Amino acid sequence: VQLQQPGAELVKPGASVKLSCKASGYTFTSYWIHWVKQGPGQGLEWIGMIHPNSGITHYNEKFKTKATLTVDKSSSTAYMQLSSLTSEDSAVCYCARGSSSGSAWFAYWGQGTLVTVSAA
Amino acid sequence: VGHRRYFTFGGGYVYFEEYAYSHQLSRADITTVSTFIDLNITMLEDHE
Amino acid sequence: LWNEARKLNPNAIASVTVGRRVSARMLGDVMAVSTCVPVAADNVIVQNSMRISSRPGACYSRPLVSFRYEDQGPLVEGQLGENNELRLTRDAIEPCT
Amino acid sequence: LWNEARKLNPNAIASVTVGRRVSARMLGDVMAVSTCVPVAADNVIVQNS
Amino acid sequence: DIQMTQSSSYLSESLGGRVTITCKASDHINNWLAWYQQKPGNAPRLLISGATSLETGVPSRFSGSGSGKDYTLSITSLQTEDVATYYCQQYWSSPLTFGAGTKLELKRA
Amino acid sequence: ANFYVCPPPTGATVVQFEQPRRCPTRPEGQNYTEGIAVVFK
């Protein structure tokens with residue numbers, strides 16, 4: 001079981017961006033996928049969750065428009081479309097799996113993408 | 001946003017996306033559900 | 001009659017027509033469908049009050065509910081639609097009397 | 001059901017009831033009708049936008 | 001809503017020492033709480049899954065417990081390779097909420 | 001019974017009601033020619 005992410009995204013603030021995770025090991029269809037945002041040293045904040053099998057999304061109340069989930073079953077891939085970016089949004093975003101128990105204690109993750117929303 | 005509509009036109013459909021004509025389609029290109037209750041009434045066969 | 005009933009609420013017509021319990025909308029002269037996910041009966045909570053303090057004289061017109069997809073997943077809010085359907089959006093407000 | 005469907009769009013109900021393809025409206029508790037003129041299929045243009 | 005109040009922002013201790021972090025909930029949860037650890041250079045790990053439940057990858061030097069609104073994690077034989085943030089986590093109602101984080105460090109510079 | 005949760009349907013799948021189907025008229029009926037008959041054994 002593994003989740004592959006880009007290490008970082010050096011994308012200018014303003015125009016929206018895309019992020020992906022590739023699943024491996026387990027059955028990508030039969031487990032929930034959650035997503036958590038955390039800046040540098042901040043208390044990590046759960047940004048949303050999604051059922052790949054059905055496509056039913058659930059956004060943290062402050063992330064309807066900041067982000068938008070997506071799932072491609074074909075490539076075992078989960079996607080975020082990050083809209084309305086800011087400089088501080090540069091942060092580590094983790095895609096994680098929960099068991100069949102939707103308790104979502106988040107056993108296995110990926111390395112997480114340290115998005116760098118910047119023009120440097 | 002997200003606008004996409006099919007409209008009945010001639011014998012088929014015309015499909016628009018985002019308020020711009022996209023293309024035509026035949027009736028066969030769409031799965032057809034049925035609001036009909038089947039009644040397979042046969043007939044007394046001839047007998048001699 | 002079936003043509004002019006599906007324009008009122010496509011959900012019921014589409015569900016009774018396809019065979020499953022689907023959610024549908026109308027894209028002009030066709031119906032776009034999507035299968036609905038079942039939820040176990042014992043995992044629902046009906047909130048006691050339908051009123052909304054931040055909107056005096058307005059109230060939710062059908063009960064507020066909370067539920068969990070899996071037997072032990074998190075608790076998610078919704079609103080009780082017709083025929084056991086849970087809308088995910090708390091917007092069916094009426095001016096209450 | 002037929003009474004309460006004709007109030008939604010009288011055109012379809014009146015056409016399927018009379019037999020022809022007519023255009024109708026409601027004058028209270030009655031339907032006023034008028035026959036519709038056919039137009040050949042090949043003589044239509046759909047504007048793009 | 002549900003709010004996690006994590007008792008200490010940091011907790012430093014000499015090598016082989018004994019510590020006990022804890023935190024509080026803003027509404028009763030019925031022992032549906034988890035405890036994580038995250039070092040700066042890794043995805044956070046799992047220590048407790050259920051208000052009192054150890055699992056693989058965490059020896060007895062870690063131990064979790066709690067009830068009602070107060071839950072805690074007692075740590076034994078603190079080492080130089082346990083310095084990290086420690087996280088309360090709830091899984092009773094969306095939105096899911098994480099703890100602020102307790103800095104478990106050493107008694108050295 | 002059960003509850004159901006329903007996602008908002010994307011335009012991915014499309015369905016249409018089956019159009020009215022023709023169904024034949026009654027059989028024409030047999031041509032019966034009257035007559036006066038005498039049956040011999």
# chains A, B, ... in the order shown; residues from 1 in each chain; ligands from 1

$ residues_around --residues "residue A:77" --least-positions-apart "5" --cutoff "10 Å" --atoms "only C-alpha atoms" --output "list in words"
residues 3, 4, 20, 21, 22, 23, 24, 28, 29, 52, 70, 71 and 72 of chain A

$ select_by_dssp --residues "chain D" --states "strand (DSSP E or B)" --output "count of residues only"
10

$ residues_around --residues "stretch 2-16 of chain B" --least-positions-apart "4" --cutoff "10 Å" --atoms "only C-alpha atoms" --output "MDAnalysis selection string"
(chainID B and resid 20:30) or (chainID C and resid 26:31) or (chainID D and resid 40:42 44 46 48:49) or (chainID F and resid 10:11 14)

$ interface_residues --of "chain F" --to "chain A" --cutoff "12 Å" --atoms "only C-alpha atoms" --output "list in words"
residues 5, 6, 7, 8, 9 and 10 of chain F

$ residues_around --residues "stretch 7-24 of chain C" --least-positions-apart "6" --cutoff "6 Å" --atoms "only C-alpha atoms" --output "list in words"
residues 32, 33, 34, 35 and 36 of chain C; 6 and 9 of chain F

$ interface_residues --of "chain B" --to "chain F" --cutoff "8 Å" --atoms "only C-alpha atoms" --output "ChimeraX atom specification"
/B:4,30-35

$ write_last_selection --atoms "C-alpha atoms" --output "compact mmCIF listing (two decimals), in the first residue's frame"
# COMPACT_ATOMS: atom_id res chain seq x y z
CA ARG B 4 -25.39 21.27 -21.11
CA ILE B 30 -29.36 7.32 -25.72
CA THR B 31 -30.43 4.48 -23.45
CA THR B 32 -34.22 4.23 -23.44
CA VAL B 33 -36.11 3.53 -20.23
CA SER B 34 -39.77 2.59 -20.58
CA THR B 35 -42.89 3.94 -18.87

$ residues_around --residues "residue D:31" --least-positions-apart "4" --cutoff "10 Å" --atoms "only C-alpha atoms" --output "PyMOL selection string"
chain D and resi 6-7+10-11+14+23-27

$ residues_around --residues "stretch 94-97 of chain E" --least-positions-apart "6" --cutoff "7 Å" --atoms "only C-alpha atoms" --output "VMD selection string"
(chain A and resid 46 60) or (chain C and resid 74 to 76) or (chain E and resid 3 to 4)

$ write_last_selection --atoms "N, CA and C atoms" --output "short mmCIF file (atom, residue, chain, number, x, y, z; two decimals), in the first residue's frame"
data_model
loop_
_atom_site.label_atom_id
_atom_site.label_comp_id
_atom_site.auth_asym_id
_atom_site.auth_seq_id
_atom_site.Cartn_x
_atom_site.Cartn_y
_atom_site.Cartn_z
N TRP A 46 -8.10 18.92 8.50
CA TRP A 46 -8.73 18.04 7.53
C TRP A 46 -9.49 18.87 6.50
N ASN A 60 -14.88 20.15 4.10
CA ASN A 60 -14.86 20.97 5.30
C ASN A 60 -15.55 22.28 5.00
N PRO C 74 -17.76 8.99 10.42
CA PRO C 74 -18.03 10.27 11.10
C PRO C 74 -19.50 10.64 11.01
N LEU C 75 -19.91 11.68 11.71
CA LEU C 75 -21.29 12.16 11.66
C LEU C 75 -21.38 13.35 10.72
N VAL C 76 -22.24 13.24 9.70
CA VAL C 76 -22.49 14.25 8.67
C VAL C 76 -23.91 14.77 8.76
N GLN E 3 -14.70 20.70 19.48
CA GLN E 3 -13.41 21.37 19.57
C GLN E 3 -12.47 20.55 20.44
N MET E 4 -11.25 20.36 19.96
CA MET E 4 -10.20 19.70 20.73
C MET E 4 -9.34 20.76 21.41
#

$ closest_residue --among "E:67, E:92, E:54, E:104" --to "residue E:20" --atoms "only C-alpha atoms"
E:104

$ residues_around --residues "residue A:96" --least-positions-apart "2" --cutoff "10 Å" --atoms "only C-alpha atoms" --output "list in words"
residues 2, 3, 21, 23, 32, 33, 34, 35, 36, 49, 93, 94, 98, 104, 105, 106, 107, 108, 109, 110, 111 and 112 of chain A; 43 of chain E

$ write_last_selection --atoms "C-alpha atoms" --output "PDB file, in the first residue's frame"
ATOM      1  CA  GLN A   2       1.344   3.398  -1.019  1.00  0.00           C
ATOM      2  CA  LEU A   3       0.160   6.811  -2.197  1.00  0.00           C
ATOM      3  CA  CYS A  21      -2.402  11.068  -5.719  1.00  0.00           C
ATOM      4  CA  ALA A  23      -2.976   4.652  -5.093  1.00  0.00           C
ATOM      5  CA  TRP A  32     -12.565   6.233   1.539  1.00  0.00           C
ATOM      6  CA  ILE A  33      -9.963   8.846   0.660  1.00  0.00           C
ATOM      7  CA  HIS A  34      -9.515  11.864   2.899  1.00  0.00           C
ATOM      8  CA  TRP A  35      -7.391  14.956   2.399  1.00  0.00           C
ATOM      9  CA  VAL A  36      -5.723  17.091   5.070  1.00  0.00           C
ATOM     10  CA  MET A  49     -13.114  13.465   2.097  1.00  0.00           C
ATOM     11  CA  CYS A  93      -1.399  18.400   1.665  1.00  0.00           C
ATOM     12  CA  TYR A  94      -1.824  14.719   2.506  1.00  0.00           C
ATOM     13  CA  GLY A  98      -9.260   4.906   6.048  1.00  0.00           C
ATOM     14  CA  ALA A 104     -10.745   7.168   9.174  1.00  0.00           C
ATOM     15  CA  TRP A 105      -7.974   6.837  11.745  1.00  0.00           C
ATOM     16  CA  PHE A 106      -5.666   7.302   8.742  1.00  0.00           C
ATOM     17  CA  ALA A 107      -3.250   4.367   8.874  1.00  0.00           C
ATOM     18  CA  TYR A 108      -1.402   4.668   5.550  1.00  0.00           C
ATOM     19  CA  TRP A 109      -0.678   7.948   3.798  1.00  0.00           C
ATOM     20  CA  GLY A 110       1.532   9.196   1.019  1.00  0.00           C
ATOM     21  CA  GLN A 111       4.512  11.494   1.284  1.00  0.00           C
ATOM     22  CA  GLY A 112       2.134  14.430   0.774  1.00  0.00           C
TER      23      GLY A 112
ATOM     24  CA  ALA E  43       3.725  11.741   7.517  1.00  0.00           C
TER      25      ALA E  43
END

$ atom_distance --atom1 "atom CA of residue A:12" --atom2 "atom CA of residue A:113"
15.8 Å

$ atom_distance --atom1 "atom CA of residue E:50" --atom2 "atom CA of residue E:9"
22.3 Å

$ atom_distance --atom1 "atom CA of residue A:80" --atom2 "atom CA of residue A:18"
5.9 Å
